[PDB]
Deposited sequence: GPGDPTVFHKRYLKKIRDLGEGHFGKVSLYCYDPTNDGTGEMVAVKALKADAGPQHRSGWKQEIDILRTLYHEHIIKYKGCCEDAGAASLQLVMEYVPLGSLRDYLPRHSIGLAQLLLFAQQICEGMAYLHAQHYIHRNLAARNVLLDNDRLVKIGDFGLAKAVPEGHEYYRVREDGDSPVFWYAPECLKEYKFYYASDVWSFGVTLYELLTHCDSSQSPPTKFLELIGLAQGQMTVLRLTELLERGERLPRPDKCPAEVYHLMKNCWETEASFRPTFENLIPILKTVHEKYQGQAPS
């Protein structure tokens, strides 16, 4: 996509959270809200940035945030990435404020799997799958964002043992993160139940440089996040399956889609 946004029609509304900001884009001096990501940076962060832009340019799917174009970023001697803006924001902000039923959360889970299967079918890994990077376009439509860490296959509290211990990252490693993301959904991203809160409670906060190693030891011993309240046993077993220590015993996102379809159906009625 070679779409170019002219800086002259861009007015900043707010920062969204690399840095992503919300702009109005209005050439008739009433128009479209857009999210714009901008790259301070130096040590080949620039090449990673070119990677992100090129990855997003090629991805087109209902459950992946839509690429809209680029604009000259004279101030960082780069491009800025222009994306669709989603007003409800990320599930991290939305879920604490609302009380979503199980069937709806399962639908979100299914849609995340669809976007991720698509991504994997493109030979890309995401490496940052967490509730905070899942955006809610409408009450029944989820989109995966934040491709900042995404890579062509040649967040430590969301990472599988092979990532933490060996610095490897498989398709199966994104499936582990999906498991943790699904746990977030079922706890409505309550901070007191969050993966950092729960794992720091076991590890403690006085382990010098060894936090990650301690986390790894607990995972390899088979320690896992608890069953959220009113998560069905079968959904908890699905999560535990996304968390197999051995990467090859995890389901793929392709495996997960028909299962999640079926369970959503069951809880919907």
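- Residues 1 to 3, 21 to 24, 37 to 38, 49 to 50, 166 to 179, 295 to 298 of the deposited sequence have no C-alpha coordinates in the structure.
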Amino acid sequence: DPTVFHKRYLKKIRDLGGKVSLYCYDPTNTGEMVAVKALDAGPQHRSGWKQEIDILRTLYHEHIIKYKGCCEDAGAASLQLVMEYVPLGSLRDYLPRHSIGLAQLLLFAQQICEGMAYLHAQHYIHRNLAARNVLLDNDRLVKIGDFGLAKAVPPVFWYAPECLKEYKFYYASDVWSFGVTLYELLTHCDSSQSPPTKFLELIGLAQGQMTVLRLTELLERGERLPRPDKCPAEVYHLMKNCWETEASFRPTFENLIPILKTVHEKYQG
From here on, numbers count along this sequence of modelled residues.
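- Set 5 to 13 against 250 to 258 and average the Cα temperature factors; 5 to 13 ends up higher.
- The PDB entry records a higher mean C-alpha B factor for 81 to 89 than for its counterpart among 116 to 124 and 81 to 89.
- In this structure the maximum Cα B-factor among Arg214, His237, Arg224, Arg57 is found at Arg57.
- Highest CA B-factor among the listed residues (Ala172, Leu102, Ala74, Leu164): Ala74.
- When the CA B factors of the chain's modelled residues are split into thirds, the value for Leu141 lands in the highest one.
- In the deposited entry, the Cα temperature factor of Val153 places it in the highest third of its chain's modelled residues.
- Ranked within its chain, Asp40 lands in the highest third, by CA B factor from the PDB record.
- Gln209: CA B factor in the middle third of modelled residues in this chain (values from the PDB entry).
- Ranked by Cα temperature factor within the chain, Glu201 sits in the middle third according to the deposited record.
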